[PDB]
Every structure is written in structure tokens, then in C-alpha cells.
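Okay, here's what each chain looks like letter by letter:
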Amino acid sequence: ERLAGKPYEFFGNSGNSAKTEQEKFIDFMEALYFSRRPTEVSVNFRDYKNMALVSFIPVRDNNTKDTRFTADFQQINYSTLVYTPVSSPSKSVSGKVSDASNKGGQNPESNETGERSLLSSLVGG
Amino acid sequence: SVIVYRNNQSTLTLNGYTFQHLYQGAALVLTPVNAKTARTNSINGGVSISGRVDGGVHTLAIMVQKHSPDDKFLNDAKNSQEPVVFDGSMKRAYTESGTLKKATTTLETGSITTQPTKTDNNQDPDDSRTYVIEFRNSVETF
């Protein structure tokens, strides 16, 4: 989440001398694609902040060892519906200024995956 | 090698009628029209070699005299109501290292494709007719 926008320095330079540069491009692209997290993409004059990889087509002609790739991204634009005085706080206060979050209901009396018995310290008390 | 021909232009036979009248110059020009084996290159590096089915189809270009019976024969073939099939051979007699020898080029299943370009010039006449037949398969041997 600290490196949310930019996946490259999260995945990192491959660092192994065996993998050529096309290795690095393919494995980074697959990591970004399977990551299913939006990335930031820079066209000249703009570094758009939340692009989601929509389509990545690498092609390898039989007359050039390079890889010709077309990648369509789509921005994930999302605004704030609710009153938030603080735009983007630190992690140290991000939960602190959070408004009262809501989770749905559930029937704890009808759970099995954790139906631990009553603690021996409680049956008496 | 040491190759001495005779009868400078090769003897051409079609439909049992041997061309006794050829123009001076490029009388017979047997051009193969398509490449023999087409090949393809793979990503990894191998190559796929494959013979063209057009590998044999040749065009024999014939320069006959402007009205000599060879021109009459080829013109009659041109003017036929249905395309006439030619099946002949170019035979050339020659000697190699002093030994007499013959080179045979059989031409199979041809028809007149490009008709002659008839020109009658005053300053410098060009009394030639160039009939181009396109044989399905031409095989040379010797």
C-alpha cells in the first residue's frame, strides 16, 4: 500500500543475470497483470495516477527478436461521497480520522468454524 | 568446361512442329516465373523449407520472324477458338571436351499467355513476334 501506485519498485529490478531484458519485461507485465492492482501510467505531460491494466498484447514477429506490445489502461477515477475533513492523512492517523465504518449483520449463534466451547474459567465464573 | 554448340539457337519443337524460323537475338527465353522452394524462419531459429507447387511453371518466350511459317503456326494457335495446349521440347546439340552430347528441356502443358506486340516501324523496322507460352512443367536434363 505504501508503493500502491508504482508496482515496479515493489516487484523490483529482477536482479538475476540469467534473465535477459525481455524476461524482465514479460515477468513484470505478468506480475502487474496478475496483481490486479491499479498502476500509474505516464503519457508525456501527464502521469495518471490510477490506471488499471485493461489489455496487454505482446507480439513476436519472426523477423525481429524484440517484443512489440500494446497495453490499454483505463483510469479508475473515484471521488469522495462523504464528509472527510482530511484528504489523505498518514497511516498513523488514517484510522484515527476514519468515520464509523459499517459491516453487515451476522448470526453468531449459528457459526461452526469457531464453535469453541465455553472457557472453563466461565462455567463457574 | 569446353563447350562448343552447333545450330546456335536450340531446336524448339511444339506439337510435332519444329521451329525452323527464329528471330535474331533472344529467340528463346525460358524464364521460370516462381521461386523453387519457399522457406520460413521461426522465432527460435529453425527454418521450414518447402517446395513451391509452382516450382516448375516456366514461360518460354519465342521470337519468330514477322511472317515466317513459324509465325503462322503460333498465330494460328493464338487465334484458335479454344486455348491450344503445347507440349514440346528444346533440344540443343553440343560438344563437351570434344564428346558429342545433347541437352533436352521438355516443356509440358503450355498455352500462349502474353500475345506479341506488333510493331511496323519505318526508320528501323522490328519484324519480330514474341509469343510467350507458359508451360506447366519444364524439366531440363543432360
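Coordinates for the structure precede this section.
## Quick look at the overall build of chain B
- Looking only at helices and strands, one finds one helix and twelve strands in chain B.
- Start at the N end of chain B and walk to the C end: the helices and strands fall as β-β-β-β-β-β-β-α-β-β-β-β-β.
- Computed over its C-alpha atoms, the radius of gyration of chain B comes to 18 Å, more than 25% above the 14 Å expected for a compact globule of 142 residues.
- When the backbone C-alpha atoms are referred to their principal axes, chain B occupies close to 65 × 45 × 35 Å.
- Across chain B, contacts joining residues at least 24 apart in sequence account for 68% of those joining residues at least 6 apart.
- Accessible surface computed for chain B: about 9,000 Å², of which carbon and sulfur atoms make up 47%.
- Placing the 14 positive and 14 negative side-chain charges of chain B at their respective mean positions leaves the two points 7 Å apart.

## Things to note about the overall build of chain A
- For chain A, the helix and strand inventory stands at four helices and three strands.
- Starting at the N terminus and ending at the C terminus, chain A contains elements arranged as α-α-β-β-β-α-α.
- Computed over C-alpha atoms, the radius of gyration of chain A comes to 24 Å, more than 25% over the 14 Å expected from 2.2 N^0.38 for 125 residues, which places it beyond the range of a compact globule.
- With the principal axes as the frame, chain A shows a C-alpha extent of 80 × 40 × 25 Å.
- Counting only residues that meet the buried cut, chain A has 10% of its 125 residues in that class.
- Considering only contacts within chain A whose residues lie at least 6 apart along the sequence, 33% involve residues at least 24 apart.
- Entry remark: accessible area of chain A is about 11,200 Å², with carbon and sulfur atoms responsible for 49%.

## Topic: the nonpolar core
Residues and elements named next belong to chain B.
- One finds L12, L14, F19, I62, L74 and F86 to be the most contacted residues of the largest nonpolar core, which totals 17 residues.
- Elements that contribute at least two residues to this core include exactly β2 (11–14), β7 (58–65), α1 (69–78), β8 (86–96) and β11 (128–135).
- Each residue touching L74, except ones within four places of it in the same chain, is listed here: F19, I62, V64, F86, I112, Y131 and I133.

## Considering the packing of aromatic side chains
- Overall, the coordinates contain twelve aromatic pairs over all chains when judged by the stated rule.
- Through a chain of ring-to-ring contacts, three or more aromatic side chains come together here, namely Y8, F10, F11 and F28 of chain A.
- Above the plane of the ring of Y5 of chain B lies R92 of chain B, whose end atom (NZ or CZ) is 3.5 Å from the centre.

## Here's the deal with α1 of chain B
- Listing the buried residues of α1 of chain B in full gives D70, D71, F73, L74 and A77 of chain B. Down the axis of α1 of chain B, the smallest arc covering the buried residues is 160°, so these residues share one side.

## Observations regarding the pairing of β2 of chain B
Residues and elements named next belong to chain B.
- Here β2 shows a clear split, with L12 and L14 buried on one side and none of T11 and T13 buried on the other.
- As defined by bridge partners, β2 adjoins strand β3 (residues 17–18) across two bridges and the pair is classed as antiparallel. Following the sheet pairing, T13 is matched in β3 by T18.
- The antiparallel hairpin formed by β2 and β3 contains two residues in its connecting segment, where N15 sits at a positive phi of about 50°.

So, how was this worked out
Residues numbered from 1 in each chain as written, not as in the entry; some residues may be left out. Chains lettered and ligands numbered in written order. Part of a larger assembly, values for the part shown. Heavy atoms only, no water. Helix = DSSP H or I, 4+ residues; strand = E, 2+ residues; numbered from the N terminus. Rg over C-alpha atoms; globule rule 2.2 N^0.38 Å. Contact = heavy atoms within 4.5 Å. Areas by Shrake-Rupley, 256 points an atom, 1.4 Å probe, with all protein chains shown as cover. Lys, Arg positive; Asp, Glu negative; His and termini not counted. Charge placed at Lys NZ, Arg CZ, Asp CG, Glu CD. Buried < 20%, exposed > 50% of the residue type's maximum accessible area, 1.4 Å probe, protein only. Core = buried A, V, L, I, M, F, W, Y, C linked by side-chain atoms within 4.5 Å. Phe/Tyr/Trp six-rings, centres within 6.5 Å; stacked < 30°, edge-to-face > 60°. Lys NZ or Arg CZ within 6 Å of the ring centre and 35° of its normal. Arc of directions from axis to C-beta. Pairing = 2+ DSSP bridges.

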